[PDB]
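In structure tokens, one chain follows: the form deposited in one PDB entry.
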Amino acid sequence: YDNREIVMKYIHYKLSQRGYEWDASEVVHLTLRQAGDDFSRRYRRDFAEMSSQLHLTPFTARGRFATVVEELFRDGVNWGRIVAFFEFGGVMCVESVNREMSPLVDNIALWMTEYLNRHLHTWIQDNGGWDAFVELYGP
């Protein structure tokens, strides 16, 4: 499955729900959206803390993203951390819009796509690909 499309559909949906029409395998997209909503409710303190402590500006966004992503996957990968990675990118995009720095969304989407293609892709494929994530979540 194309990771770039997965990132784009995911971010696009999150922003559209804030009235922001961003100028940017259906089961996979819907499943990821649901798993991410579940993650953010089940781990609300983490979600809420990250959201309020970003201190996001165009000068720091890339460094904050790199730092958090390296910390997230430090002890290895699992599907829950992959969902957390998407929700973190979503928090970054959402905060960028809230702070009137919406152009950052494009950079964020690229960094997410790159990290998936360069660092998560092998793990994902070794686990059977996104079909495995779909099965695990249900469908």
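Note that the rigid core is defined as the largest set of C-alphas that superpose within 1.5 Å between two forms. The first residue of the shown sequence is 1; numbering continues from there.
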- Query: From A24 on to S25, does the model leave out none, 1 to 3, 4 to 9, or 10 or more residues of the deposited sequence?
  - Reply: 10 or more
- Note on the structure: The stretch whose C-alpha atoms carry the larger average B-factor in the entry, 25-33 or 82-90, is 25-33
- Note on the structure: Higher avg CA temperature factor (10-18 vs 114-122, as deposited) belongs to 10-18
- Out of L54, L72, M101, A109, which residue has the highest Cα temperature factor in the PDB record? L54
- Of the residues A48, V77, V68, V97, the one whose Cα carries the largest B-factor in the deposited record is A48
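The same protein has a further form, the form deposited in another entry, not shown here; the description that follows concerns it.
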- Item | C-alpha displacement of 2 Å or more between the shown form and the other one on the rigid core, among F47, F85, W79, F65 | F47
